[PDB]
Colleague: 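Take a look at the following structure, please.
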Amino acid sequence: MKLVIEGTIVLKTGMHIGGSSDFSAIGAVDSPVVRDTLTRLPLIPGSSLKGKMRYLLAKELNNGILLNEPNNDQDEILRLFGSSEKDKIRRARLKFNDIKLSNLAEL
RNA sequence: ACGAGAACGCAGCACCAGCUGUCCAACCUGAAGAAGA
């Protein structure tokens, strides 16, 4: 079946997880954070979180050394995050999603 | 008894690495705790 892992990410320090420099020239910085395109809310891409988490887990499950390709690291890592190896296509068990800023009203 | 039937343009990938919001600059100048008769 399918399990949904809920949670909250709280920024202890200011986070610059962005790479989008699109739309308005109303006075934006040359290095803006990635935002939701419709709601203009700051956004955490699921790819950023997935990549950072996979990197840290693969280093920790090795342990401490991560020099291999992403498709060669560990069986646990491959089954959690997916492997596109030509013969052994291991499918990701985790489906990360883009995360929007939730507590805008509190801010 | 439809040039048709069946067929996910899909799988893995951190917008990331390095970088002091720093340098120079007196809170300063003048002034009787003093005078009737």
Side-chain angles (χ1 to χ4, degrees), chain A residues 1-64 66-107:
Chain A
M1 44 174 93
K2 182 62 65 68
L3 312 180
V4 176
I5 298 168
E6 293 83 3
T8 305
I9 292 167
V10 192
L11 302 192
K12 300 289 94 176
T13 63
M15 169 191 58
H16 177 266
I17 178 178
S20 87
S21 177
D22 190 74
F23 39 91
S24 283
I26 209 160
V29 67
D30 59 354
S31 81
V33 289
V34 58
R35 298 193 191 261
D36 201 61
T37 301
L38 188 78
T39 44
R40 272 92 172 172
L41 274 169
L43 188 150
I44 289 181
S47 59
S48 290
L49 175 67
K50 185 197 183 181
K52 196 58 150 164
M53 183 177 176
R54 176 187 199 143
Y55 169 70
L56 297 192
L57 259 175
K59 184 182 300 316
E60 193 68 344
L61 295 188
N62 216 9
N63 52 0
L66 191 54
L67 294 174
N68 52 58
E69 292 295 326
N71 276 344
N72 279 95
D73 45 4
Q74 277 280 115
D75 179 21
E76 289 79 350
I77 305 296
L78 294 179
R79 71 204 202 194
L80 265 187
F81 300 92
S83 163
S84 74
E85 198 163 342
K86 171 67 178 295
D87 193 6
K88 65 179 72 66
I89 297 294
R90 182 65 60 84
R91 173 162 172 254
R93 259 164 205 183
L94 290 178
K95 192 269 182 182
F96 292 78
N97 302 293
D98 284 12
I99 313 160
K100 293 187 286 185
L101 176 83
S102 71
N103 66 337
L104 184 72
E106 159 195 336
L107 298 193

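Values below: every heavy atom of this structure, side chains too, minus hydrogens, waters and symmetry copies. Letters A, B, ... are given to chains in the order of the sequence lines, protein chains preceding strands, and every chain is numbered from 1.
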Colleague: Nearest-Å distance, NZ (A:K52) to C1' (B:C16)?
Modeller: 9 Å

Colleague: Counting only heavy atoms not in A:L107 (residues, nucleotides, ligands), do more than 12 fall under 6.0 Å from its CG?
Modeller: yes

Colleague: Report yes if a side-chain nitrogen or oxygen of A:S48 is closer than 4.0 Å to either non-bridging phosphate oxygen (OP1 or OP2) of B:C15; otherwise report no.
Modeller: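 It does, given that an N or O in the side chain of A:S48 lies less than 4.0 Å from OP1 or OP2 of B:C15.
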
Colleague: Using a 4.0 Å heavy-atom cut-off, does A:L49 contact any base of the nucleic acid, only the sugar-phosphate backbone, or nothing at all?
Modeller: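 Nothing: the residue A:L49, judged by heavy atoms under 4.0 Å, touches no strand.
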
Colleague: Quick check on side-chain contact (heavy atoms from CB on, under 4.5 Å): which of A:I17, A:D36, A:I9, A:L41 does A:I99 satisfy it with?
Modeller: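 Result: among A:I17, A:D36, A:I9, A:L41, A:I9 is the only option passing the side-chain contact (heavy atoms from CB on, under 4.5 Å) with A:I99.
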
Colleague: Pull up the glycosidic torsion of B:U20 and say syn or anti, syn being anything within 90° of 0.
Modeller: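 The base of B:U20 is oriented syn (glycosidic angle within 90° of 0).
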
Colleague: The side chain of A:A92 lies closest to which of these nucleotides: B:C15, B:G12, B:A11?
Modeller: B:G12

Colleague: Between P on B:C13 and CG on A:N71, what's the gap in Å once rounded to a whole number?
Modeller: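 Rounded to whole Å, this separation is 8 Å.
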
Colleague: Is it the case that A:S84 and A:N71 place a side-chain donor and acceptor less than 3.5 Å from each other?
Modeller: yes

Colleague: Can you identify which nucleotide, out of B:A14, B:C13, B:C15, has its nearest atom closest to the A:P70 side chain?
Modeller: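 The nucleotide sitting nearest to the side chain is B:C13.
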
Colleague: Any idea which of B:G12, B:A14, B:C15 is nearest the A:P45 side chain?
Modeller: B:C15

Colleague: Given the P atoms of B:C15 and B:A11, what is the spacing between them in whole Å?
Modeller: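 Rounded to whole Å, the distance is 16 Å.
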
Colleague: For atom P, what is the distance between B:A37 and B:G33, given to the nearest Å?
Modeller: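 24 Å, rounded to whole Å.
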
Colleague: Quickly work out the A:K50 NZ to B:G12 P distance and round it to whole Å.
Modeller: 5 Å

Colleague: Taking CG in A:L11 as the centre, count heavy atoms belonging to other residues, nucleotides or ligands within less than 6.0 Å. Is the count above 12?
Modeller: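 Atom CG in A:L11 is crowded, with more than 12 foreign heavy atoms closer than 6.0 Å.
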
Colleague: Distance check: side-chain N/O of A:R54 vs OP1/OP2 of B:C13, anything under 4.0 Å?
Modeller: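 Indeed, a polar side-chain atom of A:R54 lies that close.
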
Colleague: If you check the A:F81 side chain, which of B:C15, B:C13, B:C16 turns out closest?
Modeller: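 It is B:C13.
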
Colleague: Classify the sugar of B:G18 as north or south, using the sign of the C1'-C2'-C3'-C4' torsion: positive means north, negative means south.
Modeller: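 Taking the sign of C1'-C2'-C3'-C4' as the criterion, B:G18 has a north sugar, on the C3'-endo side.
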
Colleague: So, for A:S31 and A:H16, which heavy atoms are closest and what is the spacing to 0.1 Å?
Modeller: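 Answer, listing the atom of A:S31 first, then A:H16: O-NE2, 3.4 Å.
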
Colleague: Over how many whole Å does the gap from A:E85 atom CD to B:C10 atom P extend?
Modeller: 22 Å

Colleague: Pick one: which of A:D73, A:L67, A:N72 meets side-chain contact (heavy atoms from CB on, under 4.5 Å) with A:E69?
Modeller: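 Going through the options one by one, the only one that passes is A:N72.
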
Colleague: Identify whether the glycosidic angle of B:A31 places it syn (within 90° of 0) or anti.
Modeller: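 Classified anti.
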
Colleague: When the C1'-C2'-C3'-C4' sign is the only test used, does the sugar of B:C23 come out north or south?
Modeller: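 Because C1'-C2'-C3'-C4' is positive here, the pucker of B:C23 counts as north.
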
Colleague: Starting at atom CZ of A:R90, determine the distance to atom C1' of B:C13, rounded to an integer number of angstrom.
Modeller: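 It works out to 18 Å between those atoms.
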
Colleague: Based on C1'-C2'-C3'-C4', put the sugar of B:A31 on the north side (positive) or the south side (negative).
Modeller: south

Colleague: Determine, with a yes or no, whether B:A35 stacks on B:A34 under the 5.5 Å centre and 30 degree plane limits.
Modeller: yes

Colleague: Taking the minimum atom-to-atom distance to the side chain of A:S84, which one of B:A11, B:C13, B:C16 wins?
Modeller: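 For the A:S84 side chain, the nearest candidate turns out to be B:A11.
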
Colleague: In this structure, how many angstroms lie between the P atom of B:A14 and the CG atom of A:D98, rounded?
Modeller: 15 Å

Colleague: What is the sugar pucker of B:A6, north (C3'-endo side) or south (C2'-endo side), as given by the torsion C1'-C2'-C3'-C4'?
Modeller: north

Colleague: Return yes when atom CZ of A:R91 has more than 12 non-hydrogen atoms of other residues, nucleotides or ligands closer than 6.0 Å, and no otherwise.
Modeller: no

Colleague: How many Å lie between NZ on A:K95 and P on B:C10, as a whole number?
Modeller: 13 Å

Colleague: The sugar of B:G33: north or south, by the sign of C1'-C2'-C3'-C4'?
Modeller: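 Sugar pucker of B:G33 - south, given that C1'-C2'-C3'-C4' is below zero.
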
Colleague: Rounded to whole Å, please give me the gap between CE in A:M15 and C1' in B:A14.
Modeller: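 A:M15 atom CE is separated from B:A14 atom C1' by 13 Å.
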
Colleague: Between B:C23 and B:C27, how far is it from one P atom to the other, in whole Å?
Modeller: 16 Å

